[PDB]
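Peer 1: Input file: work_4.csv. Contents: CSV, C-alpha atoms.
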chain,number,residue,atom,x,y,z
Y,1,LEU,CA,29.2,-2.4,-3.6
Y,2,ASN,CA,30.8,1.1,-3.3
Y,3,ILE,CA,28.7,4.0,-2.2
Y,4,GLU,CA,31.6,6.5,-2.3
Y,5,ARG,CA,30.9,6.9,-6.0
Y,6,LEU,CA,27.1,6.9,-5.8
Y,7,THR,CA,25.6,10.1,-7.2
Y,8,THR,CA,22.1,9.2,-8.3
Y,9,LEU,CA,18.8,8.0,-6.9
Y,10,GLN,CA,17.3,6.9,-10.2
Y,11,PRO,CA,16.7,3.3,-9.1
Y,12,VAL,CA,15.0,4.7,-6.0
Y,13,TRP,CA,12.7,6.9,-8.0
Y,14,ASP,CA,12.2,4.0,-10.3
Y,15,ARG,CA,10.9,1.9,-7.4
Y,16,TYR,CA,9.2,4.7,-5.4
Y,17,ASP,CA,7.1,5.9,-8.4
Y,18,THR,CA,6.3,2.3,-9.2
Y,19,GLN,CA,5.1,1.8,-5.6
Y,20,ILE,CA,3.3,5.1,-4.8
Y,21,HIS,CA,1.5,4.9,-8.2
Y,22,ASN,CA,0.8,1.2,-8.1
Y,23,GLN,CA,-0.1,0.7,-4.5
Y,24,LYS,CA,-0.8,-2.8,-3.3
Y,25,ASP,CA,-2.5,-4.8,-0.5
Y,26,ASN,CA,0.2,-7.1,0.8
Y,27,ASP,CA,2.6,-7.5,3.7
Y,28,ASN,CA,6.2,-8.3,3.0
Y,29,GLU,CA,7.4,-7.2,6.5
Y,30,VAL,CA,7.3,-3.6,5.3
Y,31,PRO,CA,7.9,-1.1,8.1
Y,32,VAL,CA,4.4,-0.2,9.3
Y,33,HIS,CA,4.4,2.3,12.1
Y,34,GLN,CA,2.3,5.3,13.3
Y,35,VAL,CA,4.4,8.2,12.1
Y,36,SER,CA,4.5,10.5,15.1
Y,37,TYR,CA,6.7,13.7,15.2
Y,38,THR,CA,9.3,11.7,17.1
Y,39,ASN,CA,9.3,9.0,14.4
Y,40,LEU,CA,10.3,11.5,11.6
Y,41,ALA,CA,13.6,12.4,13.3
Y,42,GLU,CA,14.3,8.7,13.9
Y,43,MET,CA,14.3,7.7,10.3
Y,44,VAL,CA,15.6,11.0,9.0
Y,45,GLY,CA,18.6,10.7,11.3
Y,46,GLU,CA,19.9,7.4,9.9
Y,47,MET,CA,18.8,8.4,6.4
Y,48,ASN,CA,21.2,11.3,6.4
Y,49,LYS,CA,24.2,9.5,7.8
Y,50,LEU,CA,23.8,6.9,5.0
Y,51,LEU,CA,24.1,9.5,2.1
Y,52,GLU,CA,26.8,11.8,3.6
Y,53,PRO,CA,29.7,9.4,2.6
Y,54,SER,CA,28.5,9.6,-1.0
Y,55,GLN,CA,27.9,12.2,-3.7
Y,56,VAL,CA,24.2,12.0,-2.9
Y,57,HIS,CA,24.3,15.0,-0.6
Y,58,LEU,CA,20.6,15.3,0.1
Y,59,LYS,CA,19.6,17.6,3.0
Y,60,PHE,CA,16.3,16.4,4.5
Y,61,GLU,CA,14.1,19.1,5.9
Y,62,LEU,CA,11.2,18.6,8.2
Y,63,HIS,CA,8.4,21.2,7.7
Y,64,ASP,CA,5.1,21.3,9.3
Y,65,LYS,CA,1.9,22.6,7.6
Y,66,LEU,CA,-1.7,22.8,8.9
Y,67,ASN,CA,-2.1,19.2,10.1
Y,68,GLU,CA,0.9,17.5,8.5
Y,69,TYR,CA,4.6,17.5,8.9
Y,70,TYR,CA,6.5,16.2,5.9
Y,71,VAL,CA,10.1,15.8,4.8
Y,72,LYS,CA,11.2,17.8,1.8
Y,73,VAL,CA,14.4,16.7,0.1
Y,74,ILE,CA,16.8,19.6,-0.7
Y,75,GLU,CA,19.5,18.8,-3.2
Y,76,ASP,CA,22.7,20.5,-1.9
Y,77,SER,CA,24.0,21.1,-5.4
Y,78,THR,CA,21.0,23.3,-6.4
Y,79,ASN,CA,19.8,24.4,-2.9
Y,80,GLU,CA,16.2,23.6,-3.9
Y,81,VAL,CA,13.6,21.0,-2.9
Y,82,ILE,CA,13.6,18.3,-5.6
Y,83,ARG,CA,11.2,15.9,-3.8
Y,84,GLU,CA,8.5,16.3,-1.0
Y,85,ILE,CA,7.5,13.2,0.9
Y,86,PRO,CA,4.5,13.3,3.2
Y,87,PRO,CA,4.9,11.4,6.6
Y,88,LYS,CA,2.3,8.8,5.5
Y,89,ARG,CA,4.5,7.8,2.5
Y,90,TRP,CA,7.8,8.3,4.3
Y,91,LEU,CA,7.8,4.6,5.4
Y,92,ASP,CA,7.8,3.4,1.8
Y,93,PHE,CA,10.5,5.9,0.7
Y,94,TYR,CA,12.5,4.8,3.8
Y,95,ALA,CA,12.4,1.1,2.7
Y,96,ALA,CA,12.8,2.0,-1.0
Y,97,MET,CA,16.1,3.8,-0.5
Y,98,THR,CA,17.2,1.4,2.3
Y,99,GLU,CA,17.1,-1.6,0.0
Y,100,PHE,CA,19.0,0.5,-2.5
Y,101,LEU,CA,21.6,2.1,-0.1
Y,102,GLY,CA,22.0,-1.1,2.0
Y,103,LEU,CA,23.1,-2.8,-1.2
Y,104,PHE,CA,26.0,-0.4,-1.2
Y,105,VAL,CA,26.8,-0.2,2.5
Y,106,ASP,CA,28.2,-3.0,4.5
Y,107,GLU,CA,25.0,-4.9,5.6
Y,108,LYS,CA,26.6,-5.3,9.1
Y,109,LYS,CA,27.7,-1.8,9.9
Y,110,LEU,CA,24.2,-0.5,9.2
Y,111,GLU,CA,23.0,-1.4,12.7
Y,112,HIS,CA,19.7,0.3,12.2
Y,113,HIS,CA,17.5,-2.0,14.1
Y,114,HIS,CA,13.8,-1.1,14.0
Y,115,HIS,CA,12.4,-3.9,16.1
Y,116,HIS,CA,8.9,-4.5,14.8
Y,117,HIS,CA,8.6,-7.9,13.2
Transcribe the structure of this file into structure tokens.

Peer 2:
Amino acid sequence: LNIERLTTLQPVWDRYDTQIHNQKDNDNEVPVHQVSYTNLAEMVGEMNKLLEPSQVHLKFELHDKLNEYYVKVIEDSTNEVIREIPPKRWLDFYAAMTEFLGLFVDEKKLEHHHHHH
């Protein structure tokens, strides 16, 4: 597909809110990792460089609070946080949007190899 004309994350929210709200007990080779502070930057890094060549200019911010450190999604067009994802749900969001974005991007140039299978 073509991501250069992609502006929306509706299909992502569709999936994400289906998942988060209807949580299951099943393994489908879903990325399961202990989300350490280093792990945030890892997924956030590749996440940004996937959306930059599109209209979906989301600016992901890492902000720590009390015991947690979550990634808040700031929409560049409005300069406000439209979505806040805690680290313990970031893995699902990561997959949710990766399936979506990887349908647009050339599933060869992605070279984002998280070796845990």

Peer 1: To one decimal place, how far is atom CA of residue Y:33 from atom CA of residue Y:101 in Å?

Peer 2: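 For atom CA of residue Y:33 relative to atom CA of residue Y:101, the distance reads 21.1 Å.
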
Peer 1: Go through Y:23, Y:11, Y:86, Y:18 and flag the residue nearest residue Y:65, using all atoms listed in the file for the distances.

Peer 2: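 With all atoms listed in the file as the atom set, the closest residue is Y:86.
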
Peer 1: Nearest residue to residue Y:75 out of Y:8, Y:22, Y:2, Y:39, using only C-alpha atoms?

Peer 2: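 Using only C-alpha atoms, residue Y:75 sits closest to Y:8.
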
Peer 1: Could you check which of Y:103, Y:108, Y:97, Y:26 is closest to residue Y:14, using all atoms listed in the file?

Peer 2: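 Between Y:103, Y:108, Y:97, Y:26, the residue approaching residue Y:14 most closely is Y:97.
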
Peer 1: Counting all atoms listed in the file, which residues sit no farther than 12 Å from the position (10.0, 13.4, 12.6) in the file's frame? I'd like them as a ChimeraX atom specification.

Peer 2: /Y:34-47,60-64,68-72,85-88,90-91
